[PDB]
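One structure is given here, and the rest of the page talks about it.
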Amino acid sequence: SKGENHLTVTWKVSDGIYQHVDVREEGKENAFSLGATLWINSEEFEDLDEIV
Amino acid sequence: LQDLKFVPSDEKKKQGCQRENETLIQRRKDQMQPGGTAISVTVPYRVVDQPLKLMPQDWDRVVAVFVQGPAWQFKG
Amino acid sequence: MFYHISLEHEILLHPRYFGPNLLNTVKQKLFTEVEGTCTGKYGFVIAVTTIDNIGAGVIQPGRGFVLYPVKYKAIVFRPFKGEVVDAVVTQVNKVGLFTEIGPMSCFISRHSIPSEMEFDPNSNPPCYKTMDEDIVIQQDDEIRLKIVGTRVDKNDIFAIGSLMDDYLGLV
Amino acid sequence: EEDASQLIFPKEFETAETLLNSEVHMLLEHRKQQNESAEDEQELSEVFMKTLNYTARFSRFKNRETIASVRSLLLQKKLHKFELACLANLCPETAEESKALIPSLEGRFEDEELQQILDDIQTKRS
Amino acid sequence: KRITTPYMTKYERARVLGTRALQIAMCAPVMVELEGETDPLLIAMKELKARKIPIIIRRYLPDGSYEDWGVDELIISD
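Residue numbers (PDB author numbering), protein chains in the order written: chain M, 1361 to 1412; chain X, 381 to 456; chain G, 1 to 171; chain D, 14 to 139; chain F, 50 to 127.
This is how it looks when you write it as structure tokens:
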């Protein structure tokens, strides 16, 4: 919801307790497109696979 | 790498196949002596599969290298 | 009269609609496309009750649209000559009675109601009555009328009724 | 050539199965109820509204079982599916009247048997 | 119990890329990640190679019968 520049990674830490993390996207071609560089806590992640 | 045979990983996980800690082969390949008689001999080779678990002795040994593409594959 | 019939329709679906919800989107496009329509062939399609099957979508060469021949069962109101159907008188006028049978508007001309009936232009509301005032039919009254003719229009059907037979008339 | 009085209908309609006004009322109310529960911003047509309330004014039966029963007890006789519906819609009282409204019934049954059928249907009215 | 050839004819491949490209141009959802190319033909081709094109080929036989073949079922030539 943070905007077209954002995706959120939510993951299950424990049964019934989930963490929500902000992913910043940069360099988008279109609203539907992936940003070339992902960011979290100011450090960069190169692709979704790196985040996982 | 051993049977020189391509197998889709699709079936390997679908078959329930179990994992090695790393890809190091003690393979048989019969090699010809300079007088032409072939007989196999092998001593450690290590191909990278879980690189950060690697011990301090081994890391800087790369001679040839299977790449996926993204540079994050090599972090650390 | 109301009937339950199997009907078929071919709907053209724009490529942007492809994707996961595709078939439900076809179901939904069908309802909005045939419900409420009217044809001289089948009458008024009151409502689609169920969809029998969605045919295989043939992709039309040249244009991106894929057309889906879908078979469905709908409630349809078909009038016929000779029908005897209950009708609600909606408006009474110096020239016959305007009445409605379900969605079908219907008219009973002054020349097709018994000789005794005459128009009363000042009643509240105006109405038809006999010389004895025994039967008086006005707005919102229920009339059994016999359909003697019909004309088909674009998405509409209009019928002409009669009160000349032995057991027609009020209520 | 089409005239319902003599039981002549188009080939395309002959295979159709008729519905009683109460039956249609149950169907159409089910449809409107389904319209409310699974709410989506979709609208009901004028033809549907003026058919639902019209059928409500002429729904001779209200109980779901009374519709199935009048239908079953009637189809036990040898009536055409057209007579099956108009005799449940019109609910003629005297047999002479039923034959006047639906001339197809002349000679189909004896007046006393026909009167029996009509009396049965009338007792089912709610 | 199909008897036609299990390989995709050059004509089938051509008409598939042609139609699927046109659907992509009309923004029907694309089945595979665009790395960022925008020519619908290049995307349709990428789909084909990944075998994700959602089309089945209705192959008519001379007698009047037909056999539906998913694009993911038969073998691509090129």
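For each residue, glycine too, the CB sits at the ideal point set by N, CA and C.
Between residue 120/G and residue 129/G, the CB-CB gap stays under 8 Å.
The contact set of residue 451/X on chain M, defined by CB atoms closer than 8 Å, consists of 1406 in chain order.
The beta carbons of residue 90/F and residue 125/F sit no closer together than 8 Å. For residue 113/D and residue 165/G, the gap between their C-alpha atoms comes out near 8 Å. Rounded to whole angstroms, the separation of the alpha carbons of residue 121/D and residue 99/G is 32 Å. The beta carbon of residue 15/G falls within 8 Å of a beta carbon belonging to chain F, placing the residue at that interface.
Chain G has a Cβ within less than 8 Å of the Cβ of residue 63/D. Inclusion of residue 102/F and residue 118/F in the CB contact set at 8 Å is not warranted, their separation being larger than that value. Within its own chain, the residues whose Cβ lies closer than 8 Å to the Cβ of residue 57/D, once the five positions on either side in sequence are excluded, are 45, 48, listed in chain order.
Counting along the chain, the unbroken alpha helix (DSSP H) around residue 134/D starts and ends at 124-137. When secondary structure is reduced to three states using DSSP, residue 122/F falls in the coil class, being assigned neither helix nor strand. Below the 7 Å Cβ cutoff, chain F contributes 85 as neighbours of residue 1389/M, in chain order. In terms of beta-carbon proximity, residue 48/D stays away from the interface with chain G, with every pair separated by 8 Å or more. Within the DSSP bridge table, the entry for residue 146/G names 84/G, 162/G as partners.
Of all alpha-carbon atoms in 6/G, 9/G, 25/G, the one lying nearest the alpha-carbon of residue 15/G is that of 25/G. Remark: C-beta atoms of residue 51/G and residue 4/G do not approach each other more closely than 8 Å. Of all alpha-carbon atoms in 23/G, 135/G, 71/G, the one lying nearest the alpha-carbon of residue 9/G is that of 71/G. Within the same chain, 123, 124, 125, 126 come within 7 Å of residue 57/F by CB-CB distance, once the 5 residues on both sides are set aside. In this structure, 137/G is the residue among 146/G, 137/G, 69/G, 77/G with its C-alpha nearest to the C-alpha of residue 116/G. One alpha carbon belongs to residue 107/G, the other to residue 152/G, and they sit about 14 Å apart.
Per the DSSP secondary-structure output, residue 169/G pairs in a beta bridge with 144/G. For residue 73/F, the enclosing alpha helix (DSSP H) stretches over residues 59-74. For the options 91/D, 138/D, 16/D, 102/D, the alpha carbon positioned closest to that of residue 123/D is the one of 91/D. According to the DSSP secondary-structure assignment, residue 43/G is paired through a beta bridge with 39/G. In chain order, 79, 89, 92, 93 place their CB closer than 7 Å to the CB of residue 73/F, counting only its own chain and leaving out the 5 sequence neighbours on each side.
For residue 116/F, the three-state secondary structure derived from DSSP is strand. Secondary structure of residue 25/G (DSSP, three-state): helix.
Identification of residues in the stretch 62-77 of chain F having a C-beta nearer than 7 Å to some C-beta of chain G yields 68, 71, 72, 75, 76, 77, given in sequence order. DSSP, read as helix, strand or coil, puts residue 109/F in strand. Across the set 101/D, 109/D, 115/D, 55/D, the C-alpha of 101/D shows the shortest separation from the C-alpha of residue 139/D.
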